[PDB]
Every structure is written in C-alpha cells, then in structure tokens.
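One structure is given below, encoded as structure tokens.
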Amino acid sequence: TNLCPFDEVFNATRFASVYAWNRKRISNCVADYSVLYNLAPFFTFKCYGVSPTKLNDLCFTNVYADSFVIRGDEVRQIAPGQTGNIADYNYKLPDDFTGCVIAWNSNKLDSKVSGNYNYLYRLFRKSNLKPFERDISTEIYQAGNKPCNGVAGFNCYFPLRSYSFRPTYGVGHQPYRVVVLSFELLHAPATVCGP
Amino acid sequence: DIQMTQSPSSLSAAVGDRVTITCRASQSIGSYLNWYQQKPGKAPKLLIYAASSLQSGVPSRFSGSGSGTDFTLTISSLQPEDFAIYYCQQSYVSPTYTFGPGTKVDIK
Amino acid sequence: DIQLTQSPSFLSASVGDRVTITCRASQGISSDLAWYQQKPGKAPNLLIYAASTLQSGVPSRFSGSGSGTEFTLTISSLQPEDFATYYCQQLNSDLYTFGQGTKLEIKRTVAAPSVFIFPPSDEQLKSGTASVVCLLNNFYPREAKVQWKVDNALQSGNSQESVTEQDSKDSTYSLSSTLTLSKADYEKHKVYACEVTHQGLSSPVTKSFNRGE
Amino acid sequence: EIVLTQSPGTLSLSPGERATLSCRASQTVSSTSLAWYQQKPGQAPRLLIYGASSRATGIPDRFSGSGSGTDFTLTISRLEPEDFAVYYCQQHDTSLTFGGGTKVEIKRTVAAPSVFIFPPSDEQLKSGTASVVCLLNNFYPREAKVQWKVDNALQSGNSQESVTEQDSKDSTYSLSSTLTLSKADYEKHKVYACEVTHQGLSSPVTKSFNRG
Amino acid sequence: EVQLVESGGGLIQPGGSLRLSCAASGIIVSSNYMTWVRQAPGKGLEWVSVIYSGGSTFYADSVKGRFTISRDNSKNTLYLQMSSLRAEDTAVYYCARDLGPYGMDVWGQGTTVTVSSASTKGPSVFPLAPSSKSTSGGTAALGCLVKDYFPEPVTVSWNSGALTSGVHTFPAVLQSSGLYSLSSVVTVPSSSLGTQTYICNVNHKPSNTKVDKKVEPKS
Amino acid sequence: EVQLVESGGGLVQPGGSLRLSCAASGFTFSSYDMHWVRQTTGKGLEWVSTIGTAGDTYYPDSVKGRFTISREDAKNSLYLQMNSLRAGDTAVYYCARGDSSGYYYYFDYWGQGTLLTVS
Amino acid sequence: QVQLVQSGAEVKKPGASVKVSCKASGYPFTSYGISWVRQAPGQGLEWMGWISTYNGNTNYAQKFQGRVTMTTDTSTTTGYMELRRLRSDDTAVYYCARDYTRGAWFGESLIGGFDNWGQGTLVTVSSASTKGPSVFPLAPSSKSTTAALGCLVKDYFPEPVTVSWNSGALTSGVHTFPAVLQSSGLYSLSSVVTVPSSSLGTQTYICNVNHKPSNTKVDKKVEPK
Ligand SMILES: *[C@@H]1O[C@H](CO[C@@H]2O[C@@H](C)[C@@H](O)[C@@H](O)[C@@H]2O)[C@@H](O[C@@H]2O[C@H](CO)[C@@H](O)[C@H](O)[C@H]2NC(C)=O)[C@H](O)[C@H]1NC(C)=O
C-alpha cells in the first residue's frame, strides 16, 4: 500500500502567502508518523485533541495539509480561539480543532538583502473569516464615506501589505514556514489509518 | 497555554454531607478533564477521565459532570477516608498538559 | 513587547540650522515606525510613516531613515513654525509603543537671572500659614538651581517650583519657588534666604530678608 | 533558461590544498534549487550538495557549498586521492540544466616526453594501407603540440591524436599521434618527421625516418 | 470634512465610572482601526485600547478589566467606559484613526478627565507686595498668590486687562492636599511704586468667586 | 498488581547531573507510554517529560534540551537523565503510566516518588 | 541498500529505436520519481526527463520534447526509457536515477537532487557492421636503444576489445590508448609497452586481443625486424 506523501509537504521549494494559503488532501495511504518523531529540535510541534504518541494507531478518513509563510510573532495565532490580524483576516482554525501544527524558521531561504516583496498579507477587511475560509481578492477598500471607484487615494486603500523579509531583522520579524495537519473523521471507510 | 482555575480554595464538610467542587478553563476545551485525588504523602490517584467516565474501580460516590469551560466533581456522602487535595487536569492541548491549583477538602 | 528610546530630550537649535533626532528599538522591529509632531495644547500631527515616507500636506524639509534598531529624523532648515515636540511610534500585534519625546526650542545668548524675595503677608499669617516666595526673572537656559537655606538648613521637601514656557518676544524663561511653613515653624527664625545657581552668575547670589523688620 | 558558466575550465592542484570551484548563473537562481555532483572516471555520478549548502547522505565534511543569487562556490578542504574527479553544478529553479563541468587534476613537476617513431609495418603494406604512429611517453603538463613534416612540409587532415588519463603512480599522460596515408603517397616521399614542441622542453625535438 | 469631535470628561471620585464619547465625521468608525490614546499632564502619549474593524478588542496591561472600548454604528460614535478609576487615569484623552503601518493620521481634539475627591472650592488669594527687598534695576516685582483652589482653571489679569506687557502666570502646581495653586507676577517699573494702582482679577469659573485684591508696597 | 518503584534522588550541587530510575512490575513494559511528572509545594503538579513506544520524546519549554528520557524494555526499567540543574528543580518526581480511552489521555498509575534537592 | 540495476549495452544503428530498463529495489517504489540522464563520450551531463512513479505524469526536456517515452511498472518496480529516430550524435551513456527534485504525488519542486543513480548503459549508434581486429606489429627502431614497442589493434567494431600482454605478466609499463573513431566509422586502438634496450631480442612479446562480439582471441606475436 502506498505511503503518505509527507515528504513533499515539508520539503517543498516554495511556500504560499498567508492570505492565499495552500491545501493538500491526503487519502488512501499508510501514514508513517516517524517523519514527525525524527524532526530536528528546532521545529515547533503542537497537537489538539489527540496525543502525539498515539497517531500510529488511529484511523482518519482524510488528512489536510495547509502550508504558508508568516512572521515570527504571528505563529502564536495559529491555534484555536485566537484573535489578531492573521487569525481574523488571513487564516482561521476552529475551536475544537483536532489536529497538529508544525512550524520552523526559514530565514536562510526566504530572506533577501534587497527585500523579498513576494510575501504579502491582508491588512484591511470588514469582517472576520469563518474557519477554513480563504479570501483571494484585490479590491479597493473604502475607509471613508464617498465611494472609491477602484482608485487609490484618501480613504481608498490597497488591501494587501508586504512583509519585505530581510536577513538583518529580529527573530520575531523573520519568516516562518507553517504546516497544519487536520485530521478528519466522518462515517466513511476511513482511508488514512496507517500502521 | 491554558490556565486552569479551581473553586473553592478550601471546603470544610462533615461526614455524610454532599460536596461539590468546580474547575474553569481559560478557553473551551470541550470535555477534556481528568480528576485526581491526592492523600497527604501518597501518590495522586485518578478518579474520573473524560469528565464523566468513572475509573475502573473507585468509590462509587464520586461523579463528574460538565463541559466547555466549566466542570464539576461531586461526592454524594463524604466519608472520613475522603479527605485530600483534588485536582483538575486538561488533556486537550498536547504534549504540554496542565493541572489545576487544587482544592483541599477538609473534614469538619 | 518593544521599548523605544529617543536620544535627544531637550535639544535646542537656531533658525537656519539642521537637527537630527534618533529612536532606538530594543529588540529589532523591521522598518515600520512613525514620527509625530505636537505643538503645546493641540493634538499630535503625522509627519513620517514606514520610517522614510512623507505625509501629504507636510513640507519637504522633514526626512527620515533607518532600520532594524536605529531610526533617525532630520530637519534640514529650522523655520519659525518648526519648534515643537516629536515622538516615535511603533506597532506589531496588540502593543502600541511611543517614545518619551524630544522638545525643540529657540537658542539664544546666555542671560543672567534677576532675583527677588518676598516674605509672607499679614492675612496669610492671620489664616495661620506662611509662604516665602523667591522669583527668578529672565535667565535662559531652562536649567537653574534653587536653595532654601533656613539659617543653615537645606530642606529636601516642602518646596515646589514652576517655570514658564519660552517667551515668544525674547526667547527666555522665568522661575518661581515657594516654601510652605506653618505659622508655628515660621516665627521660630529670623533669616530666610534663597540661593540661586545659574550659568549667568559668576558666583551664587543670595537675596534674603530679616523677619524682624 | 538559466545558463550556468562553471569556472575555471580545468584545475590542477596538490593533494592537500584547498579547492574552490565557481558556478555563475545568467539569471537569479534561488538557493533552494542548486546542487553539485561528482563523477569519478568510469563510474556514475553521485550527489554531494543539495540546496547549495546541505550535504547529502554519507558525504564527508570536507565538502561544503556557499553563495547565492548568481554566484555559488563549492569548497573542498582536503584533497584525498579519491577527490580528483569531475564536478558539475545544476539548478532546477526554471527547468533543469547542468553546468559544463570542472576537472580536478594533480599538480606535479614539469616532465618532458620521450618521443618515439614507428615506420609502417610491412605486414600492413600488403593490404593497401599505411600508418605511421608517433609516441610521446610520460610528460607533464598535458599541453603538447606535434607536427608532421613530409620531406620539408607540415601536413593536415592526416592526424589522429589520443591521450591517456593520469597514471595512478606517476600521474603523467601519454600521447599517440597517428598519421594515415595511402601507400602510393608513402612511397612517393622519402623523409618523414615527427616534430614535438613541449613546455618541458627548450627546443623543438624532431625524430625522422626514411623508407626502409 | 474629516473631523473627530470628543466629549464626556470631567471631575470624578476615585472609584466611580465615566464614559467618554468620540464623534466622527467623514469616517465610518465600523470600518477603521479606532484607537484611544491618553496624554497625562506633562508626561507623554500612551496607548489605551483598540477595536478592530471586525470587532476584536485589545487593551493595555494598565486597563485590563477596568476599561471597555465600544462602538455604535447607528450614530457613528466611539466609546470608552471607565470604571474602578484611580488617580493615575487623570489625563487628556484622544480618539485616533489608525492605518496600521501608515501611522495615526486623523486625531481628535482632546477631552480632559480629572479623577480626585477633593472639593469644589474657591481660591484663597493673598498679596505678594514689593519692598526695598524688591526694588531692583528700577523694575520691582509684585503678584497675587492663589492658594488651595479646585478645580482648574483660573484666569489672573492685572488692572482689568489694562496691563499685559510683562506679566507671567505660572502653571498650576498641584498640592499634597489635592488642591491647586499658582502665582502671577508683573515687573512694573519701580518708578510707579506708590502712585499706580495694581489690582489682580482672579476668575474661578466653576464657582463664580471673583476677587479683586489690591497689591501695594508694605511698610 | 501494577507497581512502580522510583529511585535516585538526593543532595546534589547546582549545575550537577543525575539519572533517576523507575522499575516496573505487573504490566508489560513495552506497550505503554511513560511520563515523568514533578510536584512542588509552590506551583503544584507539573509535567516534565514523555516517552512513547516508538522512541519519540517530548519536553516542555523550560525543560527542553536539559533533560533526556530513556527506556530499557528488556529489564523493565525507565530512566531520566538530568544535566545543568537549577534552583527551580527540587521537587517530588513521579514516574507515571500514561493511557487513553479513545482520544482522551490520562495517567492511570503513579509511582511513589523520590525527593530531589539541589544545593 | 537502495539499488538500481539496469539493462545491458546496446549497439543500435541509425533510424532505429532503443528501450533501456531500470529495475528499482530496496525502497518504497511509489514514493519517488525517476529521472533519466545522458552523457556523450568525452562530454558533459545533460538532462533528459522525469517521470512520476505514482500517477504517471512525465516532464521531458525541450530538446527531446517528442522523441522519447518513459513508462513504469509498479508490480516489478521497473522503469523504461525508449528513444526513437536514433541519429549518429545520440551515442552516449544513459543513466537512471532516483529523483528528489519533483514530487511524485503533487508534482511540485523539492529541495534536493538525483540521489541514487544507476550503472549506465552504453548505446552506440552507427552505420556499420561487426568486424574483427586486424592486429599489426610495431617493432622497436633499427638502433637497439629502454625502448618501446607494441601492437596496433586496428579496424575493429563494435566496442571494447581487451588487450593484454603475456596473459597479464608485464603489466608494469602498459599503455592502452583509448580507441578513436576513424573517418570511416570504425575504431582503431594502439597498445605499447616499454622494455629495456638490452632485453629486446631475448624475450617473446605477444599481445592478446579478445574481441568477444566476433569471438576472436589472437595471441599475436610481435618480433623485431
Ligand atoms: C526533507 O529532506 C531531508 C533530507 O533528505 C535526504 O536528502 C534527500 C535529497 C533525499 O535523498 C532523502 O532521501 C534523504 O533522506 C530529510 O532529512 C533526513 O531524514 C532521514 C529520515 O530517514 C534521516 O535519516 C536523515 O539523517 C535526514 N537528513 C538530514 C540532512 O536531515 C527530511 O526528513 C525531509 N523532510 C521530511 C518531512 O521528511
């Protein structure tokens, strides 16, 4: 039986932006979690609803792998019941999450001396995101009274802002790569169990 | 981290009485409590897990009920043996598990 | 959790000069930091954002640059409306942090204080208190020393002072010092003095009075 | 797409010096997608460095990589005899391309050839074919120029060189320049000379023979 | 045309409750980051709380539990409810529109909040006469000492506004009692030492306590 | 008769090194997780370290790096190795047997405890 | 113990087609992709293409955009590369490698490279037919002065012959130059040995030629003139 492709998730060359996060469904495979047990001691591993030591004897219908790049001090927001601009207008996790979250610093890969302007987040949004909702949309945000008619200016703002990663920043403003494994369980043949 | 709080800090009761203690969590942990009894000088003992399931052989007077961020441990008829400190533990966020401060049940 | 520190605190200048103000950050906060101006009594005004960009409606004299932990604001030419207090402000996820601020002021030739002493009146004594007033008039600079030697004794309390804002006509300050002694403690002594130390005076000058006259 | 110019073309060193190889890209290449390979003579290649810094499984510590953007460097600290191979760089940033490759040779003292000569075999002449082989035994460095003089004059077209690899013990080459002419022309002329000019020499040596 | 008006500050006792309200024009308060920033008297700016456009609220460590920021869309207004007040919450308060990495561009005008028990009381004006101890340089000095009044402000004028050239009213300095005090001196030339009338005109507005005390040299 | 006997505590200098052990009996010591949990009179019960049945180890933020947990399946024993000791490490140390019923995790058996002093 | 055994040498001709095989062993086959590489004689490496062993997606180089097909067999864990329209400059050694530059499942770019390689498979393509060595002597010069001699393994096809001396006796000082392709498409090799000048007409120098594809094993005797 095929193995679960956990290597192609953590070891990919490019990660997405947080406002346009990536998703990968994993099904019909044997899940060897030793990959997570052998992780180097600079990763950040947490689990919710299930003990890490007992992933090798549970069965799930689906596993979701969500990957993105955030700032150093915003990894605290990738958790159930959190508030802030990343948790509100970029990426939201339910209250009863039931899954694991892994994060690691990627300064050697995503920083540039001239500044990396390819990583962006959403700064202006009128209301919070529902859990696992993605908002890829570039429309002028009116913070004023008169309509904007799709033109920048006073009270008319481009919604997205840029990280601009540089090697000389403090560790809390350095890039971090984040993977979220969501364990799904419904009334189904339970494809992803794995010895 | 989840902050676990217990109430009351102390609870004097007499034999035969009905005793109730409560635990409260900073964020919704669903139904993920463990209740532990500790006599002075001995090991802690598991009474209830999953907030309502009784452990395999325990004084049947102990019961548990609650969910979300409010949980309750109940003793029907207090006995002279049932003096201890009682603890609540959350098991939702792994691997860092956290215990409550503890409630000392004193025998009036 | 960031703490920002502005290097100058009371830095002065003259009309036609340049000036440089600095803000250090204590952890390293990328390049997001704003500079505000406030004239006394009014609300602050925005000058620079993202540490280098200029605000609409602001003249082009004001420049800013920095990164990481060191930021600098610069005025290339002082002009009679540019004397105010400037702050640096920060961001990053549920904390907003300001600096203490940097007062800017006129510069002038050094002038010598004038010293006056006033004993307590009669109605004050009837009410049951006694205040002795020492006045320093027109010194510039703002830094001066006042002493209350009561026949030998330099009190460390029961004395408050107040200075005026710089005089628009002549760019100068003035200072008032007071001493609150009850009627019981007032009539127990004869000589009350006020000793002033300031850059203008060659040696400290004491103006005093005798209670029995 | 990206073209990788790899410098220098050759590299002769001594067993224990520090070696530095350069790979330069026309466009900007990310650091997550550049790798180095080593090929020994007669074998298949093997991965050494991936991600421009990381070391592969089982690779010793004396190999390392660095650089960024458009210029990357492979550094070898100790040159054990097995580390004399051909080294390649690739990228897979925008399609996958290899470099030109950089041979790593052994530096030694300047030796001189031992030029020989060989009249065509009489057995061969009874089969309508003639061949005269010039030989150059152990000589260093590699570069050598040879001329074929037919009674006074240089020739062209009739010359096929062939050079061995550096010997295991002495680490020197051996050149075999062969001239092929029809017997009709071979009996037409009388003095055939092999002219050799090497850096290890200070004068053009000429070894000649006549028919019979 | 873009403006932020404020109202709701005043006297209060240490432990009461008070609600500041900030009115907005040209700005929808439910679609911006709106901030409360306080400036204590002569100490500097300090953030209080923020409410996001999606409704999230954050507070400084100094006001956790004690304060609550709120927003009314129907009237387009921002609110700050203050309770368990201490003497360290006395300051001017500002509502601001924050653009994130573009700073705070639109500010309100300022609301004054005083948190003390004290008592609404009038002044205790005393004279500060000139003398041979004051005749110097041909320009002596004299004034009116205002003592133990509450609350601010107080207007001191000399000769009913006739004389204004060379008059300083020093800022009010707070007393250990809980009341305020200030002085005001004029350097009238020593030539007019007994041939000119000098009357100061204290004006305590929240109590209507007009005083026209005369200052003249004493023997 | 599940029984768990700890051993190894005592007087040590700060910054020293210890390795306390826990001997098991009554249960098969190859199919159960094993935890170390300490108790102080000040803060209360706190979790120190975890070991699974696949060689995986888990430590909290304060403990990360310094402590190492180890198994020996053949002799029914488990060990905790402590290096670079600190003042805030003196406590009663319990070796606990972890277990679960579905998704819910609990400690069903605790040992007896061994007091630790650092000075 | 990852290993990739690969097919045997091919001697194809212009216009034909070849299919090389590569049997994987010692790892989970469906978890990695397969890359094919090519190296001309005396040249550099140059990429051919990539195939996903899981869902069959392929990615070919522009130069070979259509001339080549790659297949996989999951049961025996085998990869196949088939080339068509064989020109004469397609002579090269072809390599099979396990891939870590592109994922098998999601087909994205990875941080890695070609970690495990095959053994190589020479594929000669030429317009000719099998031939045998025409071994000739090359005797020392007229003046008997250490000199050198040899034998000329000439006009032979296909590729390697084996040239030894006295069944492997005088290996010290044996130079066997690499074969060079002539202008008529046919390889010629020269083997030489250096011997002391005083021991020329005293021994018996015979060179052994083993051209297996024609089954020829000449122990040719070279005697000085
Ligand atoms: C991400 O990749 C690293 C490195 O993988 C190695 O190099 C690749 C090019 C390829 O050849 C792989 O097969 C190699 O294993 C993985 O780190 C290695 O993990 C193995 C686990 O079996 C371990 O034995 C090695 O020591 C590790 N090497 C290093 C340098 O860390 C890593 O596991 C991959 N990521 C994930 C999530 O699996």
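Numbers restart at 1 for each chain; the letters A, B, ... are given by sequence-line order, proteins then strands. All heavy atoms count here, side chains included; hydrogens, waters and symmetry mates do not.
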> For the atom pair CG (A:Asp73) and CD1 (C:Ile29), what is the distance rounded to the nearest 0.5 Å?
Replying inline: 12.0 Å
>> Which residues in residues 161-175 of chain A have any heavy atom closer than 4.5 Å to a heavy atom of chain C?
In response: A:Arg161, A:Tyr169, A:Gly170, A:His173
>> What part of C:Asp32 gets within 4.5 angstrom of chain A, counting heavy atoms only: side chain, backbone, both, or neither?
In response: side chain
>> Can you confirm whether C:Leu154 is buried at CG, in the sense that more than 12 heavy atoms of other residues, nucleotides or ligands lie under 6.0 Å from that atom?
In response: yes
>> Can you tell me which of C:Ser31, C:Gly68, C:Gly28, C:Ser30 forms the most heavy-atom pairs within a distance under 4.5 Å of chain A?
In response: C:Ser30
>> I'd like to know whether NZ of A:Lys24 has more than 12 heavy-atom contacts from other residues, nucleotides or ligands below 6.0 angstrom.
In response: yes
>> Just checking C:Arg142: does its CZ atom have more than 12 heavy atoms from other residues, nucleotides or ligands closer to it than 6.0 angstrom?
In response: no
> Given a strict heavy-atom distance threshold of 4.5 Å, which part of C:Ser67 is in contact with chain A: side chain, backbone, both, or neither?
Replying inline: side chain
>> Is it the case that over 12 heavy atoms from other parts of the model lie below 6.0 angstrom from the NZ atom of A:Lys130?
In response: no
> Does C:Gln155 CD have over 12 foreign heavy atoms under 6.0 Å away?
Replying inline: yes
> If you draw a 6.0 Å radius around OH in A:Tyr117, do more than 12 non-hydrogen atoms from other residues or ligands fall strictly inside?
Replying inline: no
>> Does C:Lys42 have more than 12 heavy atoms from other residues, nucleotides or ligands lying within 6.0 Å of its NZ?
In response: no
